[PDB]
Each structure stands twice: as C-alpha cells, then as structure tokens.
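See below for work.pdb, which holds PDB, N, CA, C and O atoms.
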ATOM      1  N   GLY A  78      -8.277   2.391  14.190
ATOM      2  CA  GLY A  78      -9.120   3.343  13.435
ATOM      3  C   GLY A  78      -8.865   4.776  13.870
ATOM      4  O   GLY A  78      -7.710   5.167  14.058
ATOM      5  N   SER A  79      -9.932   5.573  14.024
ATOM      6  CA  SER A  79      -9.935   6.981  14.495
ATOM      7  C   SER A  79      -8.907   7.929  13.834
ATOM      8  O   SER A  79      -8.465   8.904  14.446
ATOM      9  N   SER A  80      -8.499   7.642  12.592
ATOM     10  CA  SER A  80      -7.396   8.333  11.886
ATOM     11  C   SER A  80      -7.570   8.419  10.354
ATOM     12  O   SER A  80      -6.646   8.828   9.645
ATOM     13  N   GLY A  81      -8.754   8.073   9.828
ATOM     14  CA  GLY A  81      -9.083   8.143   8.397
ATOM     15  C   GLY A  81      -8.546   6.975   7.558
ATOM     16  O   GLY A  81      -7.951   6.024   8.072
ATOM     17  N   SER A  82      -8.798   7.022   6.247
ATOM     18  CA  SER A  82      -8.357   6.023   5.246
ATOM     19  C   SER A  82      -8.273   6.623   3.825
ATOM     20  O   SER A  82      -8.513   5.939   2.827
ATOM     21  N   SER A  83      -7.975   7.926   3.721
ATOM     22  CA  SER A  83      -7.950   8.694   2.461
ATOM     23  C   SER A  83      -6.935   8.199   1.416
ATOM     24  O   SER A  83      -7.138   8.405   0.217
ATOM     25  N   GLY A  84      -5.861   7.525   1.844
ATOM     26  CA  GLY A  84      -4.896   6.851   0.969
ATOM     27  C   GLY A  84      -3.655   6.335   1.706
ATOM     28  O   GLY A  84      -3.316   6.811   2.792
ATOM     29  N   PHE A  85      -2.977   5.357   1.099
ATOM     30  CA  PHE A  85      -1.765   4.706   1.630
ATOM     31  C   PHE A  85      -0.834   4.150   0.528
ATOM     32  O   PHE A  85       0.124   3.429   0.817
ATOM     33  N   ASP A  86      -1.107   4.458  -0.747
ATOM     34  CA  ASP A  86      -0.363   3.971  -1.912
ATOM     35  C   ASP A  86       1.055   4.566  -1.977
ATOM     36  O   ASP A  86       1.246   5.776  -2.129
ATOM     37  N   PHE A  87       2.047   3.685  -1.881
ATOM     38  CA  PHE A  87       3.488   3.969  -1.942
ATOM     39  C   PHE A  87       4.152   3.022  -2.956
ATOM     40  O   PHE A  87       3.900   1.812  -2.949
ATOM     41  N   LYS A  88       5.012   3.577  -3.818
ATOM     42  CA  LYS A  88       5.768   2.857  -4.863
ATOM     43  C   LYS A  88       7.047   3.610  -5.249
ATOM     44  O   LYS A  88       7.131   4.824  -5.060
ATOM     45  N   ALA A  89       8.032   2.915  -5.818
ATOM     46  CA  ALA A  89       9.236   3.555  -6.353
ATOM     47  C   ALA A  89       8.873   4.584  -7.449
ATOM     48  O   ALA A  89       8.130   4.275  -8.387
ATOM     49  N   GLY A  90       9.366   5.815  -7.309
ATOM     50  CA  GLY A  90       9.064   6.961  -8.174
ATOM     51  C   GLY A  90       7.975   7.905  -7.633
ATOM     52  O   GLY A  90       7.804   8.998  -8.175
ATOM     53  N   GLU A  91       7.234   7.519  -6.585
ATOM     54  CA  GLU A  91       6.204   8.364  -5.961
ATOM     55  C   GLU A  91       6.815   9.577  -5.242
ATOM     56  O   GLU A  91       7.786   9.438  -4.495
ATOM     57  N   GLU A  92       6.240  10.766  -5.437
ATOM     58  CA  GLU A  92       6.629  11.981  -4.707
ATOM     59  C   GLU A  92       6.003  12.004  -3.298
ATOM     60  O   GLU A  92       4.828  11.674  -3.110
ATOM     61  N   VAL A  93       6.792  12.415  -2.304
ATOM     62  CA  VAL A  93       6.483  12.349  -0.864
ATOM     63  C   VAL A  93       7.093  13.540  -0.109
ATOM     64  O   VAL A  93       7.807  14.363  -0.686
ATOM     65  N   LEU A  94       6.828  13.623   1.195
ATOM     66  CA  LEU A  94       7.500  14.522   2.133
ATOM     67  C   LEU A  94       8.321  13.677   3.110
ATOM     68  O   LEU A  94       7.890  12.592   3.509
ATOM     69  N   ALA A  95       9.480  14.171   3.537
ATOM     70  CA  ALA A  95      10.312  13.487   4.527
ATOM     71  C   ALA A  95      11.031  14.483   5.447
ATOM     72  O   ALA A  95      11.408  15.583   5.030
ATOM     73  N   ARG A  96      11.215  14.079   6.707
ATOM     74  CA  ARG A  96      12.051  14.779   7.689
ATOM     75  C   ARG A  96      13.530  14.546   7.358
ATOM     76  O   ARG A  96      13.917  13.436   6.988
ATOM     77  N   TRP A  97      14.355  15.581   7.507
ATOM     78  CA  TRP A  97      15.789  15.555   7.173
ATOM     79  C   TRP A  97      16.661  15.895   8.401
ATOM     80  O   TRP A  97      16.195  15.822   9.541
ATOM     81  N   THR A  98      17.935  16.251   8.190
ATOM     82  CA  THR A  98      18.808  16.818   9.242
ATOM     83  C   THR A  98      18.171  18.066   9.882
ATOM     84  O   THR A  98      18.286  18.286  11.088
ATOM     85  N   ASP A  99      17.455  18.854   9.074
ATOM     86  CA  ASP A  99      16.560  19.931   9.513
ATOM     87  C   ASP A  99      15.160  19.345   9.808
ATOM     88  O   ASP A  99      14.641  18.532   9.038
ATOM     89  N   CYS A 100      14.546  19.744  10.926
ATOM     90  CA  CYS A 100      13.274  19.193  11.418
ATOM     91  C   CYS A 100      12.058  19.470  10.509
ATOM     92  O   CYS A 100      11.059  18.750  10.595
ATOM     93  N   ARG A 101      12.123  20.492   9.644
ATOM     94  CA  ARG A 101      11.099  20.780   8.622
ATOM     95  C   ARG A 101      10.992  19.645   7.594
ATOM     96  O   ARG A 101      11.994  19.027   7.226
ATOM     97  N   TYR A 102       9.778  19.394   7.103
ATOM     98  CA  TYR A 102       9.544  18.499   5.964
ATOM     99  C   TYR A 102       9.847  19.214   4.635
ATOM    100  O   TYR A 102       9.684  20.434   4.518
ATOM    101  N   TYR A 103      10.242  18.445   3.618
ATOM    102  CA  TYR A 103      10.635  18.939   2.288
ATOM    103  C   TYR A 103      10.140  18.007   1.168
ATOM    104  O   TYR A 103       9.978  16.806   1.411
ATOM    105  N   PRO A 104       9.935  18.522  -0.064
ATOM    106  CA  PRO A 104       9.547  17.708  -1.213
ATOM    107  C   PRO A 104      10.667  16.741  -1.617
ATOM    108  O   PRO A 104      11.827  17.127  -1.797
ATOM    109  N   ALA A 105      10.299  15.475  -1.781
ATOM    110  CA  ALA A 105      11.181  14.362  -2.106
ATOM    111  C   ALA A 105      10.448  13.329  -2.984
ATOM    112  O   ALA A 105       9.265  13.485  -3.300
ATOM    113  N   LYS A 106      11.135  12.247  -3.355
ATOM    114  CA  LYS A 106      10.547  11.075  -4.022
ATOM    115  C   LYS A 106      11.197   9.776  -3.548
ATOM    116  O   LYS A 106      12.358   9.771  -3.138
ATOM    117  N   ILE A 107      10.447   8.679  -3.612
ATOM    118  CA  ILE A 107      10.921   7.331  -3.280
ATOM    119  C   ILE A 107      11.806   6.802  -4.417
ATOM    120  O   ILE A 107      11.392   6.782  -5.574
ATOM    121  N   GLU A 108      13.000   6.319  -4.084
ATOM    122  CA  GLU A 108      13.916   5.643  -5.015
ATOM    123  C   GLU A 108      13.827   4.110  -4.907
ATOM    124  O   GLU A 108      13.960   3.420  -5.921
ATOM    125  N   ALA A 109      13.574   3.575  -3.705
ATOM    126  CA  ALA A 109      13.389   2.142  -3.448
ATOM    127  C   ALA A 109      12.609   1.880  -2.142
ATOM    128  O   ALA A 109      12.574   2.724  -1.242
ATOM    129  N   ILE A 110      12.023   0.683  -2.025
ATOM    130  CA  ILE A 110      11.170   0.250  -0.902
ATOM    131  C   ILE A 110      11.627  -1.135  -0.428
ATOM    132  O   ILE A 110      11.758  -2.058  -1.233
ATOM    133  N   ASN A 111      11.880  -1.269   0.879
ATOM    134  CA  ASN A 111      12.412  -2.459   1.572
ATOM    135  C   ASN A 111      13.738  -3.049   1.019
ATOM    136  O   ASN A 111      14.200  -4.081   1.516
ATOM    137  N   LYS A 112      14.379  -2.404   0.033
ATOM    138  CA  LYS A 112      15.611  -2.857  -0.652
ATOM    139  C   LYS A 112      16.813  -3.036   0.289
ATOM    140  O   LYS A 112      17.685  -3.867   0.035
ATOM    141  N   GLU A 113      16.824  -2.299   1.400
ATOM    142  CA  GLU A 113      17.816  -2.383   2.483
ATOM    143  C   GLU A 113      17.122  -2.248   3.860
ATOM    144  O   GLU A 113      17.542  -1.476   4.725
ATOM    145  N   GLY A 114      15.975  -2.925   4.027
ATOM    146  CA  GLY A 114      15.114  -2.862   5.227
ATOM    147  C   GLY A 114      14.556  -1.464   5.550
ATOM    148  O   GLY A 114      14.124  -1.195   6.676
ATOM    149  N   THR A 115      14.600  -0.563   4.568
ATOM    150  CA  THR A 115      14.350   0.883   4.673
ATOM    151  C   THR A 115      13.757   1.432   3.369
ATOM    152  O   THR A 115      13.706   0.741   2.345
ATOM    153  N   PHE A 116      13.321   2.691   3.402
ATOM    154  CA  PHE A 116      12.812   3.451   2.264
ATOM    155  C   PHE A 116      13.901   4.420   1.790
ATOM    156  O   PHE A 116      14.224   5.394   2.479
ATOM    157  N   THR A 117      14.505   4.140   0.636
ATOM    158  CA  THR A 117      15.464   5.047  -0.010
ATOM    159  C   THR A 117      14.704   6.193  -0.672
ATOM    160  O   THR A 117      13.724   5.956  -1.381
ATOM    161  N   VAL A 118      15.157   7.431  -0.476
ATOM    162  CA  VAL A 118      14.513   8.652  -0.985
ATOM    163  C   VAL A 118      15.538   9.635  -1.556
ATOM    164  O   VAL A 118      16.687   9.676  -1.109
ATOM    165  N   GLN A 119      15.105  10.458  -2.512
ATOM    166  CA  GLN A 119      15.896  11.521  -3.138
ATOM    167  C   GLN A 119      15.192  12.874  -2.975
ATOM    168  O   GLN A 119      13.985  12.991  -3.203
ATOM    169  N   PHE A 120      15.954  13.898  -2.589
ATOM    170  CA  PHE A 120      15.481  15.279  -2.424
ATOM    171  C   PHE A 120      15.692  16.108  -3.702
ATOM    172  O   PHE A 120      16.480  15.743  -4.578
ATOM    173  N   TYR A 121      15.024  17.263  -3.785
ATOM    174  CA  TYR A 121      15.140  18.227  -4.891
ATOM    175  C   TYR A 121      16.584  18.709  -5.169
ATOM    176  O   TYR A 121      16.917  19.055  -6.303
ATOM    177  N   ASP A 122      17.453  18.709  -4.150
ATOM    178  CA  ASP A 122      18.884  19.029  -4.259
ATOM    179  C   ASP A 122      19.704  17.964  -5.026
ATOM    180  O   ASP A 122      20.778  18.262  -5.551
ATOM    181  N   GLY A 123      19.201  16.726  -5.099
ATOM    182  CA  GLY A 123      19.826  15.579  -5.773
ATOM    183  C   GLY A 123      20.360  14.506  -4.811
ATOM    184  O   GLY A 123      20.532  13.355  -5.220
ATOM    185  N   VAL A 124      20.601  14.861  -3.541
ATOM    186  CA  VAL A 124      21.063  13.952  -2.471
ATOM    187  C   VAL A 124      20.105  12.771  -2.245
ATOM    188  O   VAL A 124      18.884  12.920  -2.355
ATOM    189  N   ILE A 125      20.662  11.604  -1.897
ATOM    190  CA  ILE A 125      19.939  10.342  -1.673
ATOM    191  C   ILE A 125      20.341   9.756  -0.311
ATOM    192  O   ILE A 125      21.532   9.626  -0.014
ATOM    193  N   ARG A 126      19.347   9.383   0.505
ATOM    194  CA  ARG A 126      19.498   8.720   1.819
ATOM    195  C   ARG A 126      18.401   7.666   2.034
ATOM    196  O   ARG A 126      17.470   7.558   1.237
ATOM    197  N   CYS A 127      18.496   6.908   3.125
ATOM    198  CA  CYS A 127      17.535   5.867   3.511
ATOM    199  C   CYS A 127      16.933   6.181   4.890
ATOM    200  O   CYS A 127      17.642   6.612   5.805
ATOM    201  N   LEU A 128      15.624   5.956   5.038
ATOM    202  CA  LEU A 128      14.830   6.301   6.225
ATOM    203  C   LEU A 128      13.797   5.210   6.553
ATOM    204  O   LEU A 128      13.517   4.319   5.745
ATOM    205  N   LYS A 129      13.204   5.294   7.749
ATOM    206  CA  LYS A 129      12.031   4.499   8.147
ATOM    207  C   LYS A 129      10.742   5.217   7.732
ATOM    208  O   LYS A 129      10.703   6.446   7.659
ATOM    209  N   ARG A 130       9.651   4.457   7.575
ATOM    210  CA  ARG A 130       8.283   4.982   7.361
ATOM    211  C   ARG A 130       7.840   6.036   8.387
ATOM    212  O   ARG A 130       7.057   6.922   8.060
ATOM    213  N   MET A 131       8.370   5.965   9.613
ATOM    214  CA  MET A 131       8.104   6.905  10.712
ATOM    215  C   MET A 131       8.651   8.328  10.463
ATOM    216  O   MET A 131       8.307   9.254  11.201
ATOM    217  N   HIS A 132       9.472   8.516   9.421
ATOM    218  CA  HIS A 132      10.084   9.805   9.034
ATOM    219  C   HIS A 132       9.652  10.300   7.637
ATOM    220  O   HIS A 132      10.187  11.293   7.137
ATOM    221  N   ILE A 133       8.666   9.639   7.019
ATOM    222  CA  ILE A 133       8.146   9.918   5.665
ATOM    223  C   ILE A 133       6.613  10.060   5.730
ATOM    224  O   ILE A 133       5.945   9.364   6.500
ATOM    225  N   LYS A 134       6.045  10.955   4.914
ATOM    226  CA  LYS A 134       4.604  11.241   4.819
ATOM    227  C   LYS A 134       4.174  11.426   3.361
ATOM    228  O   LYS A 134       4.946  11.905   2.529
ATOM    229  N   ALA A 135       2.924  11.091   3.052
ATOM    230  CA  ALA A 135       2.310  11.429   1.767
ATOM    231  C   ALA A 135       2.058  12.949   1.694
ATOM    232  O   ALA A 135       1.523  13.536   2.642
ATOM    233  N   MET A 136       2.443  13.598   0.591
ATOM    234  CA  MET A 136       2.170  15.028   0.391
ATOM    235  C   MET A 136       0.661  15.301   0.171
ATOM    236  O   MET A 136      -0.056  14.418  -0.318
ATOM    237  N   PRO A 137       0.158  16.503   0.512
ATOM    238  CA  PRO A 137      -1.242  16.878   0.317
ATOM    239  C   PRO A 137      -1.566  17.117  -1.167
ATOM    240  O   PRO A 137      -0.674  17.347  -1.986
ATOM    241  N   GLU A 138      -2.853  17.141  -1.517
ATOM    242  CA  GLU A 138      -3.320  17.508  -2.864
ATOM    243  C   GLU A 138      -2.853  18.917  -3.278
ATOM    244  O   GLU A 138      -2.533  19.149  -4.445
ATOM    245  N   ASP A 139      -2.737  19.847  -2.321
ATOM    246  CA  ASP A 139      -2.226  21.210  -2.525
ATOM    247  C   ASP A 139      -0.762  21.269  -3.014
ATOM    248  O   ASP A 139      -0.358  22.262  -3.626
ATOM    249  N   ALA A 140       0.032  20.216  -2.780
ATOM    250  CA  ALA A 140       1.418  20.100  -3.244
ATOM    251  C   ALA A 140       1.546  19.539  -4.681
ATOM    252  O   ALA A 140       2.662  19.438  -5.202
ATOM    253  N   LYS A 141       0.424  19.188  -5.334
ATOM    254  CA  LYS A 141       0.373  18.529  -6.656
ATOM    255  C   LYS A 141      -0.603  19.214  -7.626
ATOM    256  O   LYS A 141      -0.263  19.408  -8.794
ATOM    257  N   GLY A 142      -1.771  19.645  -7.143
ATOM    258  CA  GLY A 142      -2.786  20.384  -7.907
ATOM    259  C   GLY A 142      -3.664  19.511  -8.815
ATOM    260  O   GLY A 142      -3.488  18.294  -8.903
ATOM    261  N   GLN A 143      -4.613  20.150  -9.510
ATOM    262  CA  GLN A 143      -5.568  19.531 -10.453
ATOM    263  C   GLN A 143      -6.342  18.313  -9.885
ATOM    264  O   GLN A 143      -6.704  17.385 -10.612
ATOM    265  N   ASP A 144      -6.572  18.293  -8.568
ATOM    266  CA  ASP A 144      -7.360  17.279  -7.857
ATOM    267  C   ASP A 144      -8.884  17.385  -8.112
ATOM    268  O   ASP A 144      -9.374  18.344  -8.721
ATOM    269  N   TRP A 145      -9.630  16.398  -7.604
ATOM    270  CA  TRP A 145     -11.085  16.239  -7.788
ATOM    271  C   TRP A 145     -11.851  16.012  -6.466
ATOM    272  O   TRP A 145     -12.993  15.545  -6.465
ATOM    273  N   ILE A 146     -11.237  16.347  -5.325
ATOM    274  CA  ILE A 146     -11.862  16.299  -3.998
ATOM    275  C   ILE A 146     -13.092  17.222  -3.971
ATOM    276  O   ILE A 146     -13.005  18.409  -4.292
ATOM    277  N   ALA A 147     -14.236  16.658  -3.579
ATOM    278  CA  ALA A 147     -15.556  17.304  -3.543
ATOM    279  C   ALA A 147     -16.020  17.931  -4.886
ATOM    280  O   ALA A 147     -16.764  18.915  -4.900
ATOM    281  N   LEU A 148     -15.609  17.345  -6.021
ATOM    282  CA  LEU A 148     -15.960  17.762  -7.392
ATOM    283  C   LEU A 148     -16.630  16.615  -8.186
ATOM    284  O   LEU A 148     -16.416  16.452  -9.392
ATOM    285  N   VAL A 149     -17.433  15.796  -7.498
ATOM    286  CA  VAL A 149     -18.245  14.708  -8.084
ATOM    287  C   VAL A 149     -19.228  15.197  -9.163
ATOM    288  O   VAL A 149     -19.689  16.344  -9.141
ATOM    289  N   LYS A 150     -19.573  14.308 -10.106
ATOM    290  CA  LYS A 150     -20.574  14.548 -11.166
ATOM    291  C   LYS A 150     -22.015  14.669 -10.633
ATOM    292  O   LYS A 150     -22.303  14.295  -9.490
ATOM    293  N   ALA A 151     -22.923  15.147 -11.491
ATOM    294  CA  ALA A 151     -24.367  15.294 -11.244
ATOM    295  C   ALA A 151     -25.193  15.058 -12.526
ATOM    296  O   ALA A 151     -24.788  15.544 -13.609
TER     297      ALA A 151
END
As structure tokens:
Amino acid sequence: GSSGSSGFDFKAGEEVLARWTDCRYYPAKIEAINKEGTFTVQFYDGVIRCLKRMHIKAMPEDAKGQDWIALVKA
C-alpha cells in the first residue's frame, strides 16, 4: 500500500511516458504488451523499442487535458 490506487490501466495503443537513451521522460505510446516478454513502445519521432515496466509510467492528466478530477456533480 502507502502509494495510492488512482489508476493502472495499460493496453496496446495507450499513450504513456518512458525513459530513453536520455534520462528524461518523453511522450510515447504502447505498441504491444508481453509479446516478447517486454512492453514494445513508439516515440513521437517514429522509432520503436522494447522495455520493462520499470522504465515506463502513466502520463498525468495535465499531458492529456479535459479531465474531471474534483469536478463532481451537485
């Protein structure tokens, strides 16, 4: 526990962040899941590589927009 539960949904075509040859994170998307014991991903440049879950993260709501966090009905 002690780390939240706000989301964990991952699928082929989902947009994500990943660590690259450069230590900074960058906008990417999932191309495949467990297909080669790894997560295949594609970057905005068009390049495709395979990584572990330990090098990939879900992007924030600020990277997508039009969210509903703390905007419940009344």
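Using only C-alpha atoms, the nearest neighbour of residue 136 in chain A within the list A:124, A:116, A:106, A:148 is A:106.
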Report task. Within 8 Å of residue 110 in chain A, counting all atoms listed in the file, which residues show up once you throw out same-chain ones fewer than 6 positions away? Write them as a list in words, please. Result ->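 Here the qualifying residues turn out to be residues 87, 88, 89, 90, 116, 117 and 118 of chain A.
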**Report entry** Pick from A:85, A:92, A:132, A:104 nearest to residue 120 in chain A, counting only N, CA, C and O atoms
**Finding:** A:104
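The interatomic distance for the pair atom C of residue 94 in chain A and atom O of residue 138 in chain A works out to 14.3 Å.
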Report task. Up to 8 Å from (13.5, 12.5, 14.3) in the file's coordinates: name the residues, counting only N, CA, C and O atoms, as a PyMOL selection string. Result -> chain A and resi 96-97+100+131-132
Give me the box for range 128-143 of chain A as lines of an AutoDock Vina configuration file, namely the centre and edge lengths in Å to one decimal of a box along x, y and z that holds every listed atom plus 8 Å on each side.
center_x = 4.5
center_y = 13.3
center_z = 0.3
size_x = 38.3
size_y = 33.9
size_z = 37.8
Query raised in the report: Do you have the CA of residue 126 in chain A-CA of residue 114 in chain A distance handy?
Result: 12.8 Å
Query raised in the report: So which one's closest to residue 119 in chain A, A:103, A:134, A:79, A:86? Using only N, CA, C and O atoms, please.
Result: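 Using only N, CA, C and O atoms, residue 119 in chain A sits closest to A:103.
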**Report entry** Counting all atoms listed in the file, the residue of A:102, A:112, A:107, A:95 that sits nearest residue 133 in chain A
**Finding:**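 When distances to residue 133 in chain A are compared using all atoms listed in the file, the smallest one comes from A:95.
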Report task. Would you mind reading off the distance between atom O of residue 109 in chain A and CA of residue 84 in chain A, one decimal, in Å? Result ->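 About the pair atom O of residue 109 in chain A and CA of residue 84 in chain A: they are 18.1 Å apart.
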